[PDB]
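[1] pasting the first bit of my complex, frame unchanged:
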Amino acid sequence: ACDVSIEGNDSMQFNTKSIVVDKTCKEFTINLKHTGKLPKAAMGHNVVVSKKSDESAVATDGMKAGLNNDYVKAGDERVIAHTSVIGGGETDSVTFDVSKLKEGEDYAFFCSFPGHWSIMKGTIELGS
Amino acid sequence: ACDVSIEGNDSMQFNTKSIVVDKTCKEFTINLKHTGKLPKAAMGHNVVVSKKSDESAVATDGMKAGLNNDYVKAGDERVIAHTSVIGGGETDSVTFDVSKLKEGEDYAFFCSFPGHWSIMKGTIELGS
Amino acid sequence: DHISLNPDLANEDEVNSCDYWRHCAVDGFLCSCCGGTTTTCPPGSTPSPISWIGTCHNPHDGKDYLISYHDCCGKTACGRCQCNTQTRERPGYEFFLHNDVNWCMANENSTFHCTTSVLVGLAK
Amino acid sequence: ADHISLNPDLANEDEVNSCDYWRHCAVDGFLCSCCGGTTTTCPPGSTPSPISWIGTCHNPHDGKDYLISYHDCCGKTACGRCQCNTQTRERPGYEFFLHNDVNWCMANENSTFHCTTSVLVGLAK
Amino acid sequence: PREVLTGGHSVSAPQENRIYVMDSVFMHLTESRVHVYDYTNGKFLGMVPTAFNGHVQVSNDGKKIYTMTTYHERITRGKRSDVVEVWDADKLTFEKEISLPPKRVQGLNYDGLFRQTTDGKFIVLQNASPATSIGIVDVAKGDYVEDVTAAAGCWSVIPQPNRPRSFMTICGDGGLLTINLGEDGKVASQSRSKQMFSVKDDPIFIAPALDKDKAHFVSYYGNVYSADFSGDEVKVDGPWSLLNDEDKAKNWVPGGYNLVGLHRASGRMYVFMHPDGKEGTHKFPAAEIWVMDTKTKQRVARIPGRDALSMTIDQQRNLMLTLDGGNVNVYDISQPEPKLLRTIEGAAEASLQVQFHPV
């Protein structure tokens, strides 16, 4: 359906390196759970959807934003959507209308928390 | 006069390796001060007067007596006198009538507390 | 799988040498020489959740692989099979590729015991 | 008339820092004279032990035997310099104060062993 | 009672002669320490125990020794206690302990991980939980007064000698972040520079060749970048190569840990170099020491490296100390070409950092 629950552990990993969104889906909700137990201040995670080769740039700019801005430059136009930053035991969710993903282009989801995007990076695609 | 104050420290030493008793003296009083600060259970000191080559034997027998017997076999006939065992900060005194020290023979004072007599040994003599 | 991709299959003089292909970014003691193995903590030591990452070249299949260097913690220095290899190692500003920091830092107990060489997958 | 040999500070460093120095005949540890202290002084920040093990050493320079008190300097980790292990006249635990296989820093506020000193008590008689 | 053992003594040698070797004792990291030597005669002066992977530095006023380490109620189990301890420099005795959040950096001894502001008022240290941040300690108040989380994704501290309480840090974007503290130790303002170097294509060693108003850095491939902070904002420039075509052919590259140094009075920069460089040799022992004139950008001298890995410069006496892990080399750098004065063997078991006592 229009649901997805992605996990994040103290080992800096996502329990999914690819999420598919059905074309039937109007808007899409993506829930994030931090299964680890380290405080957000040390191993917090978030999910940021953006153009695949426009990811590096957002994480770098997000790093400068600070934890107060969930490590995402306020109003960055390159972000399709992004959850808040959660810590161990916490959970969050983001809902974005699928009508945003462009044709032909590739989209990857990742964590912008300083240094995590290198491994906590995945690819989110549409229908088929 | 008929007085003497001998010290004992945590370093296992006597502040005197020889005490003289005036012939004029009837009975003799010997006071002991433990200037260290270690409990008697760990570095207690005492003074035991005995024949010089009859010292080793008394300390060995005293060791078997136990702290309850101030490390001196109860009623050991080889002891001219002996103070109680004191700890850091404590003090004691022993009074013995000089009429006990034999002619020609040598007398040494020492601590019978397990292992101390090797260094805490001295010689107590009469008049001149 | 490929016979080179699994240590349990190679002679130990092979895996206990600092020259073993997957130990290219190790700065510590090989756990396989401390009562553990390339992927298992010695008895009584605790695996670290974090680690530093290395990109090593497998000379047996000519491919490059990602190696996760997790530490075993909770015990004093193993002192056996000390290795100091820096292939593709980078400074602190690239923290998770840096091996001059104790990766036992977030554990219940941070004293470093030994280093492991976990195979993540192909580098792409 | 004491005798030059009875004072380390006047003896060449190479001599007093050697495990062969006459007064180190019963040392089991590290010479404090190589750790920032001297034969009779604890290195800065280390604490002298009130107790010690006793050795009877032969002074080859005057042919006499002397009693040496081996006090430890405590409160700091192993100095690791000038390790010596000499056992002249050393005896087992049943003769505790002549035994050097036990840390003489044991009664200190802090018992970790730093280095060993060689204090001159006097002539052995 | 001929002689008596005494304590409470001070370091025999005068401060102007002391150097500090941080012996990590990696084989038994729980017993790392600081060895104090007299660089004029190589005599051992004393030491300060620093438990598990301790870090050290001498107060700018030269009257106190600062250490940072970690303790555990039972070493390998029990409550963790990260701290900064203040030791008296002459008596080498413990004086004060300052509680730190359980995340002080645990790793090799790069200078940049444990520094202090120019005014000697605050201790600036590096944290990693592993999220990175820079902590501030008010020496006088003996407290941890600020947690600079804005430094996340950045690494190491580089004090600004031209300001009372400002410092910079290298970030993952290839730029420098400047932090200016207020009189209470809390961040007053901050500013980021433009990208100074390419992280992926030309990474710099974190060790800086510090001057009064600027800092130089060398890269894995022999390039030199600089960050000028004489103005309000930091002006970054670079790179320029330490190599001539001949050098490039031999594949010479910098190598080591605390591998660079700057003699401010002359503008001469010192660098540990080695031939046949390639991926994975950025920490190799020095084959030679190159002396560059930062003004004219030319090599003025090259000498044996004696396998050194770390060094340090003393501006006042024009001296340079190199350390190969266990031995210290004393050099006179008053002239373009270094001059080896003496070598102190067995200064440590495993040390990658040596420091002169301030004068």
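    Here it is on my side, so go on. Numbers count the residues shown, from 1 in each chain, chains lettered A, B, ... in the order given.
[2] for the stretch 101-250 of chain E, which residue gets nearest to chain D?
    residue E:109 (17.7 Å; CB to the nearest CB). In this view, the C-beta of every residue, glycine as well, is placed from N, C-alpha and C.
[3] which non-adjacent residue is nearest that residue?
    Leaving aside its chain neighbours, residue E:109 sits nearest to residue E:353 (3.9 Å; criterion: CB to CB, 6 or more residues apart in numbering or on different chains).
[4] distance of the most centrally placed residue in chain E relative to residue E:352?
    What sits nearest the mean C-alpha location of chain E, by CA atoms, centre = their mean, is residue E:111, with 1.9 Å. Using CB to CB, to the nearest Å, we find residue E:111 at a distance of 10 Å from residue E:352.
[5] joint contacts of the two?
    The contact sets of residue E:111 and residue E:352 overlap at residue E:258 (CB atoms under 8 Å, 6 or more residues apart in numbering or on different chains).
[6] tell me who's in contact with the residue in chain E positioned nearest to chain B.
    Residue nearest to chain B within chain E (CB to the nearest CB): residue E:1, separated by 6.5 Å. Residues in contact with residue E:1 (CB under 8 Å, 6+ apart) are B:13, D:121, D:122.
[7] out of those residues, which sit inside strands?
    D:121, D:122 (DSSP state E).
[8] out of the contacts of residue E:1, who has the most neighbours?
    With neighbours taken as other CB atoms under 10 Å in any protein chain shown, the top of the contacts of residue E:1 is residue B:13, carrying 22 neighbours.
[9] for that residue, what are its contacts?
    Going by CB under 8 Å, 6+ apart, the list of residues near residue B:13 reads B:119, B:120, E:1.
[10] quick check: residue E:30 is in a helix.
    Yes - under DSSP: H, G, I helix; E, B strand; the rest coil, residue E:30 falls within a helix.
[11] excluding chain neighbours, give the residue nearest to residue C:12 in space.
    Per CB to CB, 6+ apart, closest to residue C:12 is residue C:32, 7.0 Å.
[12] residue 16: neighbouring residues, count only.
    Answering for chain A, as no chain was given. Around residue A:16 there are 14 residues (other CB under 10 Å).
[13] oops, I was thinking of chain E
    Residue E:16: 16 neighbours (other CB under 10 Å).
[14] and residue E:93, by the same measure?
    18.
[15] ditto for residue E:29
    Residue E:29: 20 neighbours (other CB under 10 Å).
[16] roughly how far apart are it and residue E:51?
    Applying CB to CB to residue E:29 and residue E:51 gives a distance of 9 Å.
[17] can you map out the strands along chain A?
    A:3-8, A:18-21, A:27-34, A:48-51, A:79-82, A:91-97, A:107-110, A:121-126.
[18] ok, back up a step: I figured the residue of the stretch 101-250 of chain E closest to chain D was touching residue E:354, is that so?
    No - contact criterion CB atoms under 8 Å: residue E:109 and residue E:354 do not qualify, at 9.6 Å.
[19] what is in contact with these two at once?
    residue E:22.
[20] and for residue 77, the neighbour number?
    Just going to use chain A. Residue A:77, neighbours per other CB under 10 Å, totals 8.
[21] actually chain E
    13.
[22] as chain F, please add this:
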Amino acid sequence: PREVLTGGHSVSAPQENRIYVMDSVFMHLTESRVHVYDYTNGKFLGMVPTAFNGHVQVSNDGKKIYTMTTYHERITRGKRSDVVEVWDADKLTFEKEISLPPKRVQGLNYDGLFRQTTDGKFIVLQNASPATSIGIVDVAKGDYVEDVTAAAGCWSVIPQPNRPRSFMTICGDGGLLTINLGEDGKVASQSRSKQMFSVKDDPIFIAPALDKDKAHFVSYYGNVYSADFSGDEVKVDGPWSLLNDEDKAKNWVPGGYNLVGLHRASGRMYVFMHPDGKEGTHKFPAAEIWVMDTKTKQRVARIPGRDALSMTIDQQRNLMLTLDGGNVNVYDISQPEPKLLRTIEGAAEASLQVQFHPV
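    Take a look at chain F, now in place beside the chains above:
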């Protein structure tokens, strides 16, 4: 996620193959430890950290490892904590800590300083404040239940294999003190033997050559004393010489720390010996290992000592392990003449005690 790091594993080798090397690491005594090896292939199996000068032993049932060590809130300062810790033998994990009065013996690892009663119910340890005393710990209750102060002036513990909770100790009068505990660990009765040896003229090494109902001792000059405890009171006898006129000429004497051993099934005693003995060599490395038949009082064999200083015997498998401080030698002593099976190099940095896991 091809592979994953796992923990919680048990020792790979079976108990019957394990030996324990107590590495004091005297150069960094604050990080001593116990190395666990497989004596059949010399493979390293694991270890147990034991802080400053730790002592170790395996429970008689072979299911637990007992350690004794000292901690300080800050290692070199702060509150002192003397303890006995119980470690699981197969998982090598910490299980329990037992508070001990701050006076547990701190010194080299002679077996006699950290033992247990034959019934494995109590841990018997040596204290020194420096006044000596023997402490009792009830393993089950996990408590320090008795302080045997009657042992003042005595040293080391020598368990009586023919009794559930009795042990002896060598005293400064040249005699042996026997302590019999009650079911609660508190002293029930005691008895002193007659003088067994002359302290000043013929001191014995404290290491005993233990049998089921008697113990043998060797002196600094090669004499052999014995203490028979098959009866109510201990019957002391001796000495007899290990030397023949030829040996006396070469000046052969025993040397080492845990230098003696007894193969109960044969009555053969093993001793570390060296030629040219004289004052101060009682701890010299072994030039040879002499095998004596305690029954006939004759030397049945002599082999290279390989510089060993300590040894230990395993009655069940008829094995002998010698240790020279850093290497372990495995011997087969089923026959009169020992047979060197293998040598384990680098088992430790500074160890004077090795022990087989009980079977």
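[23] same as before for the neighbour count of residue E:93, with chain F this time.
    If you count neighbours by other CB under 10 Å, residue E:93 ends up with 19.
[24] which one is it nearest to, not counting chain neighbours?
    According to CB to CB, 6+ apart, the nearest residue to residue E:93 is residue D:45 (4.8 Å).
[25] if I look at the one you found, how far off is residue F:336?
    56 Å.
[26] same question, residue E:200
    72 Å.
[27] these two: which has the busier surroundings?
    residue F:336 (12 against 9).
[28] show me what contacts the more buried one?
    F:266, F:268, F:291, F:300, F:301.
[29] please pick the buried ones from those.
    For these, a neighbour count by 16 or more other CB atoms under 10 Å in any protein chain shown gives the buried set as F:266, F:268, F:291, F:301.
[30] and the residue nearest the centre of chain A?
    So for chain A, CA atoms, centre = their mean, it's residue A:47, sitting 1.7 Å from the centre.
[31] hmm, that one is touching residue A:113, no?
    No - Residue A:47 is beyond contact range of residue A:113, at 10.3 Å (criterion: CB under 8 Å).
[32] give the residues shared as contacts by these two.
    Here residue A:47 and residue A:113 share no contacting residue, scored by CB under 8 Å, 6+ apart.
[33] now do the contacts for residue E:319.
    E:39, E:313, E:330, E:331, E:332, E:333, E:356.
[34] that one pairs with what?
    Going by DSSP bridges, residue E:319 is paired in beta bridges with residue E:314, residue E:332.
[35] repeat that for residue E:81.
    residue E:71.
[36] burial count for the residue in chain A that chain C sits nearest to?
    Here the residue of chain A nearest chain C is residue A:10; by CB to the nearest CB that distance is 4.2 Å. For residue A:10, the neighbour count with other CB under 10 Å is 18.
[37] tell me the spacing between it and chain B.
    Residue A:10 sits 49 Å away from chain B, going by CB to the nearest CB, to the nearest Å.
[38] now swap in residue A:58 and tell me
    68 Å.
[39] count of neighbours near that residue?
    Neighbour tally, residue A:58, other CB under 10 Å: 25.
[40] was I right about it contacting residue A:46?
    No - with contact defined as CB under 8 Å, residue A:58 and residue A:46 do not form a contacting pair (11.6 Å).
[41] any shared contact partners between those two?
    Joint contacts of residue A:58 and residue A:46 (CB under 8 Å, 6+ apart) are A:72, A:112.
[42] next, check the buried ones among the contacts of residue F:336 against the strands and list the overlap.
    F:268, F:291, F:301.
[43] okay if I get those residues as JSON lines plus distance to residue E:258?
    Compiled in JSON lines, these are given as follows (distance: CB to CB, whole Å):
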{"residue": "F:268", "distance to residue E:258": "60"}
{"residue": "F:291", "distance to residue E:258": "58"}
{"residue": "F:301", "distance to residue E:258": "59"}
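[44] quick one: residues contacting residue 86.
    Since you didn't name a chain, this refers to chain A. A:8, A:32, A:34, A:40, A:44, A:45, A:46, A:92.
[45] my bad, the chain I had in mind was chain E
    E:64, E:65, E:66, E:95, E:96, E:97, E:98, E:139, E:142.
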